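A closer look at the structure
Below, each chain spelled out in residue letters.
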Amino acid sequence: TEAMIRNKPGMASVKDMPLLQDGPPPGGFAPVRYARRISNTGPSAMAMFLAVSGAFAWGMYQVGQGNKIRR
Amino acid sequence: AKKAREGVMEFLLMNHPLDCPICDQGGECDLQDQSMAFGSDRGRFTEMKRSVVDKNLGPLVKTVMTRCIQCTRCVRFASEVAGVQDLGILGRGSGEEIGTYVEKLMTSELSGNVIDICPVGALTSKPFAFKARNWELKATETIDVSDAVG
Ligand code: SF4
Ligand code: SF4
């Protein structure tokens, strides 16, 4: 058998049997990423301290002015 | 020697029907255990196997002569040990058919042992029609008490 299970009309020979099974497409798949691409594009060490400290300087001035208005 | 054995076990399994699942002697088979041990793993015969009608050999020996390989063991057992001379190898070639040429129940006692003689399911106990399998049966080496031969 095995030439009556995989017919492929013609083929003249036991080789050239159909042989259609699963696999990667011709040319493989896309290059798959595996590294750790963690983007560190956030606020830096400064700009975070200077945003906080700018607030505990202007916002505290505003607390002061609000205390003046309340008084 | 091994190539000769594989050759012959291919011929035997060539015109032999795929009756192993429905064969009563499926597990306890010389043909299955010689093919799975000395015969080739594959068969190149992809054509029309020969088939043979089932002879009526009585209420003891269920007969499926298509499975039978025409090794002649039973037709010798009935002629010699059983001594009744009813079985025969009728015909020649692949058309060879083992059994009585006229419908003739094996009137001889001692002719139920042809099933153990038979290396193939073909001749099987009709009482033990299909009720069990060669692996389920737990065997005890008992004796017999029907007749005083023990
Ligand atoms: S005798 Fe029965 S079990 Fe053994 S190979 Fe033939 S069909 Fe299969
Ligand atoms: S013993 Fe069984 S296999 Fe051998 S010739 Fe007789 S019926 Fe056929």
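Below is a summary of the structure that appears in this document.

Glancing now at the side chain of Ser35 of chain B. In this structure, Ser35 of chain B sits in helix α2 (residues 30–35). When neighbours within four sequence positions are excluded, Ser35 of chain B is seen to be in contact with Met9, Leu13 and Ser40 of chain B.

Residues and elements named next belong to chain B. According to the stated counting rule, one finds one cavity of 30 Å³ or more in the structure shown. Put simply, the largest cavity is a space of about 80 Å³. Along its surface, the largest cavity is lined by 14 residues, and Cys68, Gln70, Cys71, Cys74 and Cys118 are the ones closest to its centre. Each residue belonging to the lining of the largest cavity can be placed in one class, and the counts come to eleven nonpolar, two polar and one charged.

Before going further, it helps to examine the site of ligand 1. Every residue close to ligand 1 is listed here: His16, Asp19, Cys20, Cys23, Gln25, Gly26, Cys29, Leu31, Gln32, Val120 and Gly121 of chain B. Among the cavities detected, the one that contains ligand 1 is the largest pocket.

A side chain of one charge can pair with a side chain of the opposite charge if their charged atoms are brought near each other. Residue and element names in this part refer to chain B. On inspection of all chains with the given rule, the structure shows six salt bridges over all chains. Among the ionic pairs, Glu10 bridges to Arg44, the shortest N-O distance being 2.8 Å. Taken together, the positions of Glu10 in helix α1 (residues 2–12) and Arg44 in the loop between α2 and β1 (61–63) put the pair 34 residues apart, joining distant regions of the chain.

In this section: the side chain of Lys55 of chain B. Residues and elements named next belong to chain B. Inspection of the secondary structure puts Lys55 in the loop between α2 and β1. A polar contact is formed between the side chain of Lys55 and the side chain of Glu97, at a distance of 2.7 Å. Residues contacting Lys55, with those up to four places away along its chain left out, are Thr63, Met65 and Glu97.

Within the largest apolar cluster, 23 residues are counted, with the highest numbers of intra-cluster contacts made by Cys74, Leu87, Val114 and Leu123 of chain B. Considering each element in turn, this core owes the most residues, four residues, to helix α3 (residues 73–79) of chain B.

A word on the environment of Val149 of chain B. Residue and element names in this part refer to chain B. Its location among the elements puts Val149 in the segment after β4 (123–125). Note on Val149: relative accessible area 67%, which makes it exposed. Along the sequence, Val149 and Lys3 sit 146 residues apart, while their C-alpha atoms lie 45 Å from each other.

Rules of the game
Residues numbered from 1 in each chain as written, not as in the entry; some residues may be left out. Chains lettered and ligands numbered in written order. Part of a larger assembly, values for the part shown. Heavy atoms only, no water. Helix = DSSP H or I, 4+ residues; strand = E, 2+ residues; numbered from the N terminus. Contact = heavy atoms within 4.5 Å. 1 Å grid on protein atoms, 1.4 Å probe; cavity = no way out; pocket = protein on both sides within 12 Å on 5 of 7 lines; lining within 4 Å. Points joined across faces, edges and corners; volume = space filled by probe spheres on them. Nonpolar A, V, L, I, M, F, W, Y, C, P; charged D, E, K, R; others polar. Near = heavy atom within 4 Å. Sits in = over half its atoms within 2 Å of the grid points. Salt bridge = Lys/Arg side-chain N within 4 Å of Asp/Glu carboxyl O. Polar contact = N/O pair within 3.5 Å; in protein donor to acceptor, adjacent residues only side chain to side chain. Core = buried A, V, L, I, M, F, W, Y, C linked by side-chain atoms within 4.5 Å. Buried < 20%, exposed > 50% of the residue type's maximum accessible area, 1.4 Å probe, protein only.

Such coordinate-based values are descriptive only and should not be taken to indicate function.
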